[PDB]
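Visitor: here is my input, please return the structure:
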Amino acid sequence: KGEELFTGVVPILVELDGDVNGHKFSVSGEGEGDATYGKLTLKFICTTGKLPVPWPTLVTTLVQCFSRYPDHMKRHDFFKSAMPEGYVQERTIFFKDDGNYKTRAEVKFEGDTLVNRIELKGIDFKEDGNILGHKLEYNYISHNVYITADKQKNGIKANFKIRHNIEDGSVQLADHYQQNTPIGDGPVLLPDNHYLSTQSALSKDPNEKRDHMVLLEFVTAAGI
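Guide: Numbering: from 1, shown residues only. This is the structure:
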């Protein structure tokens with residue numbers, strides 16, 4: 001059972017390589033995960049210098065296997081059932097009236113540490129849009145992740161809308177399309193329809209002088 005691997009606080013490593021409209025960059029992140037409370041604490045650093053895009057646009061990319069599933073729903077936890085061999089998570093984020101993000105990450109265990117090596121490719125962005133123009137507010141993100149079973153790929157599919165508030169008080173809609181598939185060839189839990197009530201608190205470290213982000217996320221299953 002992969003559920004026994006999350007019973008306590010688990011070290012989290014996050015390594016990401018991206019290319020948005022030709023701007024290459026890298027993000028590194030560490031933290032702890034406590035599925036018992038769906039509690040996630042992470043800090044990300046831009047290892048190549050300045051981040052070419054708004055941090056908030058990388059939140060959902062930069063470990064849903066750390067979410068708290070109510071006891072009566074634990075038969076729907078695809079994420080933990082695929083561990084420790086892990087699973088492949090692919091997404092396609094569509095920013096309204098702007099470019100799109102196509103990401104492919106691999107979430108798996110490396111010893112006692114949950115790892116998430118991501119590969120992000122961004123194209124079609126407007127040089128002066130809300131993303132490459134850095135006009136999106138850095139504050140709070142909170143939406144529901146609607147999940148559905150994908151018996152064909154023996155995994156799951158999920159979609160949701162992230163509404164990033166712009167500085168002028170407007171909204172930058174970002175449609176997400178998720179596709180998780182198990183790396184290992186073992187039995188994984190195919191869940192009935194349900195969603196992930198997610199909430200992220202972005203903040204800066206008063207002492208960190210490198211482009212970064214301090215995140216305090218909470219993911220809890222519901223819908224059934």
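Visitor: the closest residue to residue 174 other than its chain neighbours: neighbour count?
Guide: For residue 174, ignoring the flanking residues on the chain, the nearest one in space by CB to CB, 6 or more residues apart in numbering is residue 162 at 4.4 Å. The C-beta positions use only the backbone N, C-alpha and C, and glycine is treated the same way. Neighbourhood size, residue 162 [other CB atoms under 10 Å]: 20.
Visitor: kindly report the same for residue 56.
Guide: Burial measure for residue 56: 22 neighbouring residues, criterion other CB under 10 Å.
Visitor: check which helix or strand the spatially most central residue of the chain maps to.
Guide: With distances taken as CA atoms, centre = their mean, residue 60 lies nearest the centre of the chain, 3.2 Å away. Assigned by DSSP states H and E, residue 60 belongs to no helix or strand.
Visitor: what about the helices in the chain?
Guide: For the chain, the helices defined by DSSP state H cover 78-81.
Visitor: for it, which segments count as strands?
Guide: 9-20, 23-34, 39-46, 87-95, 100-110, 113-123, 140-150, 155-165, 171-182, 194-203, 212-222 (DSSP state E).
Visitor: just the angle for the first one relative to strand 39-46, thanks.
Guide: It refers to strand 9-20. For strand 9-20 and strand 39-46, the angle between their directions (axes from the mean of the first three to the mean of the last three CA atoms, to 10 degrees) works out to 40 degrees.
Visitor: before we move on, the earlier item: got phi/psi on the residue nearest to the centre of the chain?
Guide: Here is the backbone geometry of residue 60 (degrees, to the nearest 10): phi -70, psi -10.
Visitor: go on, the one 10 residues further on?
Guide: Here the main-chain torsion angles of residue 70 (degrees, to the nearest 10) amount to phi -50, psi 150.
Visitor: surely it meets residue 221?
Guide: Yes. Counting by CB atoms under 8 Å, residue 70 does reach residue 221; the two are 6.3 Å apart.
Visitor: run through the bridge partners of the nearest residue to residue 217 once chain neighbours are set aside.
Guide: Using CB to CB, 6+ apart and skipping the chain neighbours, the partner closest in space to residue 217 is residue 40 (4.0 Å). Legend: beta-bridge partners of residue 40 under DSSP bridges are residue 33, residue 217.
Visitor: what is the burial count for residue 40?
Guide: 22.
Visitor: can you check residue 25 too?
Guide: By the measure other CB under 10 Å, the count of residues near residue 25 is 20.
Visitor: let me see the contact set for it.
Guide: Counting by CB atoms under 8 Å, 6 or more residues apart in numbering, residue 25 touches 18-19, 46, 48-53.
Visitor: about what we covered before: okay, the residue nearest to the centre of the chain and residue 224: tell me how far apart.
Guide: The gap separating residue 60 from residue 224 is 23 Å, by CB to CB, to the nearest Å.
Visitor: then residue 32?
Guide: 28 Å.
Visitor: same check, this time on residue 94
Guide: Here the criterion is CB to CB. By it, residue 94 lies 28 Å from residue 224.
Visitor: also residue 127?
Guide: To residue 224, residue 127 is 45 Å away according to CB to CB.
Visitor: residue 194 now?
Guide: When residue 194 is compared with residue 224 (using CB to CB), they lie 5 Å apart.
Visitor: so these two - more neighbours on which side?
Guide: Comparing residue 194 with residue 224 by other CB under 10 Å, the one with more neighbours is residue 194, at 19 against 14.
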